[PDB]
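Proteins get letters first, then strands, A, B, ... in listed order; numbering begins at 1 in each. The figures that follow rest on heavy atoms only: side chains count, while hydrogens, waters and symmetry mates do not.
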Amino acid sequence: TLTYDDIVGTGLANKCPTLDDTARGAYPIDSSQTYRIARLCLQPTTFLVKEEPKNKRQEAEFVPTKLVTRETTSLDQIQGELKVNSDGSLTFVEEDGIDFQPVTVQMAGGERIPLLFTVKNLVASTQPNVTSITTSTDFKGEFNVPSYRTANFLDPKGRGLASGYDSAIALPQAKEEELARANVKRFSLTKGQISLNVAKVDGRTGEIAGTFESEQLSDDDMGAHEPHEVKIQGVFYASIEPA
Amino acid sequence: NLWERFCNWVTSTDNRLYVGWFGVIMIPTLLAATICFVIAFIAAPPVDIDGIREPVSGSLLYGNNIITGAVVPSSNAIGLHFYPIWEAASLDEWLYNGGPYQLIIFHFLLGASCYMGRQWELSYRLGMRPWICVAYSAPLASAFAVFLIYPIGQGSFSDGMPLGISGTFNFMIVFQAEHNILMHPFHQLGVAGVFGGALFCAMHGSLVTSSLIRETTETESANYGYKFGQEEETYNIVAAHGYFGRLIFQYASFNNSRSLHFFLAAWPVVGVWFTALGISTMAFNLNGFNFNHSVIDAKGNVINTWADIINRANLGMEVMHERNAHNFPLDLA
Amino acid sequence: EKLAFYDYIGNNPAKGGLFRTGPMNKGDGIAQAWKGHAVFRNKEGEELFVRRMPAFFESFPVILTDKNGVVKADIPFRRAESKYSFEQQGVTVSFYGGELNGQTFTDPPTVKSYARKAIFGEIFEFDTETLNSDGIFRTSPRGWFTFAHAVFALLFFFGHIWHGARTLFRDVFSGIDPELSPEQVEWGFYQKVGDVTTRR
Amino acid sequence: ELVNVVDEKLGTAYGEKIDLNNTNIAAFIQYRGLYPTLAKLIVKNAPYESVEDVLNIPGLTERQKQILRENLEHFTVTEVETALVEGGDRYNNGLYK
Amino acid sequence: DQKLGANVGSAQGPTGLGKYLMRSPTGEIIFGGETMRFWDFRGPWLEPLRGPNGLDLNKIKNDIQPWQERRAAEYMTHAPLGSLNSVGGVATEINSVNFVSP
Amino acid sequence: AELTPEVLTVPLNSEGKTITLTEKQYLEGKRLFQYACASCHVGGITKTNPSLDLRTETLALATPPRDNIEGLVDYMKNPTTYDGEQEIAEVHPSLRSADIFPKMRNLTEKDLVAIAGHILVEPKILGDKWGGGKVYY
Amino acid sequence: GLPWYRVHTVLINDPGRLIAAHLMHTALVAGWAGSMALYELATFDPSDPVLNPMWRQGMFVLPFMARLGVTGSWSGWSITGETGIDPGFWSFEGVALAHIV
Amino acid sequence: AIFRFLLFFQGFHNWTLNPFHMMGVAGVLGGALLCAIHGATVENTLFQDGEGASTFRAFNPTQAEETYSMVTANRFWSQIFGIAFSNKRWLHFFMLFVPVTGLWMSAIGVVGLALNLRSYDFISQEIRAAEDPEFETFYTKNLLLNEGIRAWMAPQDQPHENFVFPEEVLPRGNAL
Ligand code: CLA
Ligand code: CLA
Ligand code: CLA
Ligand code: CLA
Ligand SMILES: CC(C)=CCC/C(C)=C/CC/C(C)=C/CC/C(C)=C\CC/C(C)=C\CC/C(C)=C/CC/C(C)=C/CC/C(C)=C/CC/C(C)=C/CC1=CC(=O)C(C)=C(C)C1=O
Ligand SMILES: CCCCCCCCCCCCCCCC(=O)OC[C@H](CO[C@@H]1O[C@H](CS(=O)(=O)O)[C@@H](O)[C@H](O)[C@H]1O)OC(=O)CCCCCCCCCCCCCCC
Ligand SMILES: CCCCCCCCCCCCCCCC(=O)OC[C@H](COP(=O)(O)OC[C@@H](O)CO)OC(=O)CCCCCCCCCCCCCCC
Ligand SMILES: CC1=C(/C=C/C(C)=C/C=C/C(C)=C/C=C/C=C(C)/C=C/C=C(C)/C=C/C2=C(C)CCCC2(C)C)C(C)(C)CCC1
Ligand code: OEX
Ligand SMILES: [Cl-]
Ligand SMILES: [Cl-]
């Protein structure tokens, strides 16, 4: 029971809550009782960016990056419905929460990759025949990644999607075919995949914890350039209440 | 004793540049600020000044020239938080959030305060009267107002003046938008100070040059008529006084050289004191005069003045500045 | 085509820059042909007139009024509460004379691009590849001549002042007289300033 | 190919009436009895297949249904534009007075 | 906006940061926008909504009292901003409010 | 232009009856508006809710209509939302919430009539400036 | 000695060397006129006087020659759009040559 | 009205970016600096020529000797600043020279602006910013501020043009 004054400035506010080391129980799930995730936290620990090789066919492996936006990365306070399917699979549908964080990571060579680390509108199911949540339960699911900048964002030349100029006003007589990629902003909604691997269970309090790995795309600068594929690895915590 | 020899060397007036104890603080801080400024101005990566993940590139290698280049102020997410290098997880994070700006401005402000103290110290070691440092307190107060006091009042070092030419112009324009500094009497006193300083500088220079005593021939420069360390005055003070007293009237002219030079010191120094205080008092949001919709006709229609035209220009600046940083109707800071 | 080419703001000598060097063509391309007159109409067939850009404005909004001066269409900056957009008003452009004679365009990006050109007056086809034109207006030799000669006239006013001063004050050019009388520059001794014969 | 979707939406019926699936909630101020309660229900229960499906919002009363029937001609339905409805722009699109 | 039905925790501003709620550089849940610079502010009308990790979404959704809304509106409209001739508000405001904060 | 009685003639009720304010009444209404309302209603806009304002068209489309003297006085006694579905006296100043809004304590019926008259007369004087925001400054 | 900004003051009491300095300045100005005309002739495109006139091409000294009557070139073109014009000696090239000589 | 003139030159001419105005600013601020520094230097290197603790009475206009120590002032500024004046005549000519030259340079720039020959923009930066929507400098932000000044100021500052800018064409940032 730490107060806010015990936490502020230290960096513990960005950490997901941990489960005790001597806790590997099973949380039973009745097929009639409805469940909720009262608190889902996702603390990322590693951002990997897929490199872009010059040749068409190569390894195309993920490389490590440096976080430059400090401890602003965790998703927390996420709530959702945990329903039991007829196959025995448990499906989590999120409703609300702090489910996105803008994150900039720096690749080697100084290049910065902005991304919207999110689980917005996550639907994540388990394999069938899960009557108790154990340390072998996995949640595979998909989420929506909206645009990094929303429609009101203005670029440095005042161009944007829902507001701003539609042309380069500082070149009043330049040809507009070459600048059509920068003049016409586009809103992108891509899809991301996440796997939540349960590692620790508290059958009494209903808390589970473990690791997650998610794949999504980075920011495209409203369609100016191609995005990079980003894999996010970290730990997670979820409080399961009977609704 | 090694300490006695070190004290003798530090306070020695025979050094080519005087050090003193104020210089013992001043030299490392100003060297650090200068080296970090040169490196940041050439090669710093872009800085997210407004804290909205919109990095602003200010260095020469990232697409700037001398005019547009700047050391960008630290992030708005940092605010007034102290952000040294060791507070950042890496140098990339420190550079992204504008740490070089905080390093440079803190070292510079300390070094410039010690420069003022050093001016006093050397004047004391030479048997001089001590108040040159008082005159230097006016630009130093100005530097403190734009680099420290305005960030403190506004709550973020992002609102400090950028270390660049175009960044300075951005600071001026946004300041007029938010505070109407042109209508502030302290800035008007500052303009009177600098315009009068330039006027009285040109006036004193032309009056002394006009009354130079003939010591040279027509081929050589008149400056060779003065020898360094000579005892006699190189110009006729009475002739300059007679000219300037006939130019306006006798009692608008100084016949006393000491009173004249005190006036030359006092006018721009007091004016710049007032304009630095204007920047600080507007840092606590006590803005310039607001005469918007002051003139009203008999029915109640607004009769515009020049203040309303200034208000239109200020509104244009206000709605365009930091175009993505505001989520709410009032720009409260 | 010559008369229409005069009615185009890229030939205005008050549209260039101090360090925008070179010919006017290097500004906006070499003019090839007149596209013809652009006539804008809303979806009710009323003629709309594009407000032309004054020479003061580096950039200018696109605003279309009718013959009575009432704003009928525009290209909005903020589009959330737009009422006069080209899409909402059904603005089309037709061309008369020139290359595009008899051609009508209804696609709102095309009509908007032609209206952005129409704020500059008459619309022309340009070759921007021969000189590697940047699309930024430059001034004519009229502007450069006027600038050079006004600057030179100001500097020559200073030269006139300096040389008139050196002419009329040749005797004191190296300095004033060392034995200048302190009763020649004080008030009261003479009656006429600098005249010894009028000493009281 | 590269088109601004907001201007294209202004070309549709979104630029003339209140789109139930896309329009910011403050536009419901311009008709009597919609803001803030009915407007909150409408924006909450979007998307809608057609305009008249706004009468099938759960928890509506007879008075609110009559109010919606009087403003049925002022409503349109278009496909949900992502840029208009993402980021919570249907409740706060960054436009004030 | 929460009374209008918005989800203030998942609302995304123009730059991708949270419109209402974001994270401080040390992880605390704070108010979004330019007032991210003022996240160290502590006041008696704001502390009931603060949990261990900063501002709490559940207490934001359910535990905001009318006196807190009154206090927030009153303090928003009496910000210490005004002119030398005591015109309240930003420098671009018109002449109707006679207020400079003490 | 002058402050004629035609300028100071405003609707009294929703039926169509009108009242004519005196210039002293209008000036007292302006003073009391600046005293009690202008901190959030300067220029006819609403600072804490900019989507609503004090324009006559906006007040006319309110439920019940607020574009007359009686509707505005009733709002000052019992404020509601724009559709008239919930009472907002706990967050909006009123006579019934004068204990939590102390500036409404000494407001008489004549003061409320004068404030309402100022609200109704100001658009007729200022045009689009009233409720227009900073665009019309 | 003389400061730099006074070097030419050695000509004040020497009329012959003052005439020599004036002659040198006149030679420099005439050579500028000739070489500027030659550079403009090298860069001028006379094909389209309607939409690419001399004032669109940064021509500075060509309009002055055109103003006083020099309109043709030895290459056969004229500024007024004619071709094969026979301008005699006093073409743009002839004026430039006269100034160089 | 003069303040309006200043803001007009910023919004329409980008007069701060003009190098001739920059030379004018350098001349004016350097003149103010020279005025303050020369006055303070003279007042703090005075010779003691009286017993009064207020030293203004220790000067007589007909006296022949200098009232302050040029040698002491020279050594002070040589050790504080590195360089110092050693010639009084050159010092006072420099005091003439700096603000006069600054004002003349600014007048040349104003002639250029009379013909709209502005130092408005850097073409390389604008080409880069047009092709790259992530490139931002303080100069591009200043250009956006100038666009705001022009659009919001022109209808009332230039009433003969009869500018009717509707609310939707006015360039605005988010909120505010
Ligand atoms: C009256 C003088 C004058 C005028 C009006 C012109 C006009 C023109 N010339 Mg030209 N020219 C001239 C003299 C002149 N010329 C001279 C003397 C030469 C020989 C060097 C040339 C050589 C020349 C060439 C080679 C070319 C031109 C071109 C052009 C055209 C483009 C203009 C341009 O880019 O300017 C740009 C102007 C500037 C950038 C202004 C310079 C500003 C200076 C640097 C300010 C100095 C400040 C100073 C240092 C401050 C000191 C302070 C101190 C005192 C304290 C234009 C029609 C071009 C063209 O289109 O031709 C086809 C071209 O290619 N000219
Ligand atoms: C017809 C024009 C003309 C003529 C014949 C003179 C002649 C003279 N001037 Mg003078 N002057 C003129 C115009 C003229 N001036 C103008 C317009 C100004 C205002 C800017 C001045 C300001 C001026 C001052 C302030 C002084 C003189 C002085 C002198 C004398 C010595 C000059 C010398 O040695 O310079 C030598 C110059 C140099 C070695 C280098 C100068 C290089 C310049 C600064 C930059 C490059 C200029 C460029 C090549 C010119 C291009 C052509 C241009 C005209 C378009 C000499 C009698 C001096 C004097 O009176 O001595 C007693 C003196 O102090 N002049
Ligand atoms: C035989 C002599 C001669 C002739 C026929 C020409 C002919 C020409 N020259 Mg040229 N030139 C000459 C000698 C000559 N030059 C010399 C000696 C020089 C070196 C100084 C030059 C330098 C020169 C330049 C730099 C330029 C020309 C140019 C030109 C062409 C246009 C002329 C023009 O617009 O003048 C305009 C002439 C005037 C406006 C005359 C002004 C006279 C003033 C007002 C007199 C004021 C003082 C007066 C004494 C007051 C009292 C008057 C009294 C009657 C009351 C033209 C082909 C231009 C050209 O196109 O180049 C290719 C050009 O730019 N010339
Ligand atoms: C650090 C800030 C700074 C500084 C020091 C300057 C400095 C200067 N600016 Mg400037 N400026 C700045 C920022 C700054 N600017 C910014 C941010 C902008 C916005 C873009 C501008 C916009 C701007 C404009 C628009 C202009 C200047 C001008 C000037 C010059 C004014 C010269 C002068 O004294 O004219 C004052 C006027 C005179 C000296 C004329 C003579 C006046 C006579 C002698 C007065 C006689 C008085 C008489 C006794 C009667 C008195 C009556 C009494 C009741 C009043 C000077 C170089 C001007 C310029 O360049 O001029 C060439 C100009 O037009 N500036
Ligand atoms: C690549 C990187 C890292 C770049 C760095 C970044 C950066 C932005 C740098 C660029 C800076 C840059 C672009 C500067 C532009 C400057 C500019 C605008 C141009 C100059 C303008 C100019 C040419 C003309 C203006 C008019 C003019 C002549 C101005 C000159 C001003 C000037 C030098 C004034 C003097 C200033 C000064 C400090 C004087 C001190 C004098 C002094 C030592 C007095 C001491 C003294 C006083 C006495 O009283 C007595 C008795 C004695 C004895 C005595 O000693
Ligand atoms: C990027 C990271 C790496 C950075 C590298 C930095 C390393 C610094 C190494 C310094 C080595 C010595 C070099 C200096 C020698 C010297 O100056 O000779 C001059 C004399 C030499 O020593 C004097 O002269 C004599 C010594 S000698 O006999 O002449 O050898 C001696 O008798 C006398 O006592 C003594 O005072 O030095 C002095 O006058 C006293 C010391 C004053 C030096 C202060 C340095 C300037 C600080 C300014 C700060 C702002 C600068 C911003 C730029 C505009
Ligand atoms: C804390 C340590 C202090 C050292 C810091 C560095 C100080 C350097 C000061 C400038 C030295 C160079 C002076 C050359 C010239 C030189 O040696 O001058 C020396 C000169 C000495 O004057 P005299 O009276 O001896 O001159 C005799 C006459 O007959 C001249 O002919 O002093 C001046 O003229 C002073 C006014 C010039 C003002 C110069 C200062 C300008 C500031 C620097 C501007 C920088 C802009 C760009 C930056 C990137
Ligand atoms: C930088 C500049 C400037 C200036 C410029 C100048 C000043 C120039 C000059 C130029 C010049 C000044 C040129 C000249 C040239 C010349 C020539 C090119 C000549 C030649 C000659 C010849 C070749 C001859 C030959 C002969 C003889 C010797 C004898 C016999 C005959 C014969 C013909 C064979 C200004 C400021 C404007 C502006 C900015 C830029
Ligand atoms: O950061 Mn720089 O400028 Ca002082 O106001 Mn709020 O924050 Mn932003 O807006 Mn306006
Ligand atoms: Cl800005
Ligand atoms: Cl904000």
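Partners of B/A266 according to the side-chain contact (heavy atoms from CB on, under 4.5 Å) rule, which considers only residues two or more places apart in sequence or in another chain, are B/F262. Here H/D121 pairs with C/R20, C/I136, H/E126, H/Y139 under the side-chain contact (heavy atoms from CB on, under 4.5 Å) rule; sequence neighbours left out. The side-chain contact (heavy atoms from CB on, under 4.5 Å) check on B/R129 picks up B/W131, H/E43, H/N44, H/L46, H/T55, with sequence neighbours excluded.
Identified under the side chain to side chain donor-acceptor pair (under 3.5 Å) test for residues 25-41 of chain G, with sequence neighbours left out: none.
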What donor-acceptor contacts under 3.5 angstrom involve side-chain atoms of residues 20-31 of chain H, with partners at least two apart or in another chain?
none

Using distance only, find each side-chain donor-acceptor pair of residues 89-96 of chain H under 3.5 Å and give its atom names and separation, not counting sequence neighbours.
residue, atom, partner, partner atom, Å
H/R89, NE, B/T234, OG1, 2.5
H/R89, NH1, B/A222, O, 2.9
H/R89, NH2, B/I213, O, 2.6
H/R89, NH2, B/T234, O, 3.0
H/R89, NH2, B/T234, OG1, 3.1
H/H92, ND1, H/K88, O, 2.8
H/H92, NE2, B/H204, NE2, 3.3
H/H92, NE2, H/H38, NE2, 3.2

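Inspection of the H/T16 and H/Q10 side chains reveals an N or O donor paired with an N or O acceptor under 3.5 Å. Residues B/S142 and B/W273 bring no donor and acceptor atom of their side chains to less than 3.5 Å of each other.
A distance below 6.0 Å separates the ring centres of H/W104 and C/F158. Annotation: C/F156 is not in aromatic contact with C/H160 [ring centroid separation under 6.0 Å not met].
Geometrically, C/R138 does not engage C/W144 in a cation-pi contact defined by less than 6.0 Å to the ring centre and at most 45° from the axis.
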Does C/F56 form a side-chain contact (heavy atoms from CB on, under 4.5 Å) with H/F8? I'd like the steps, not just the answer. CA-CA 10 Å; C/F56 260 132; H/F8 186 90; 3.6 Å; yes
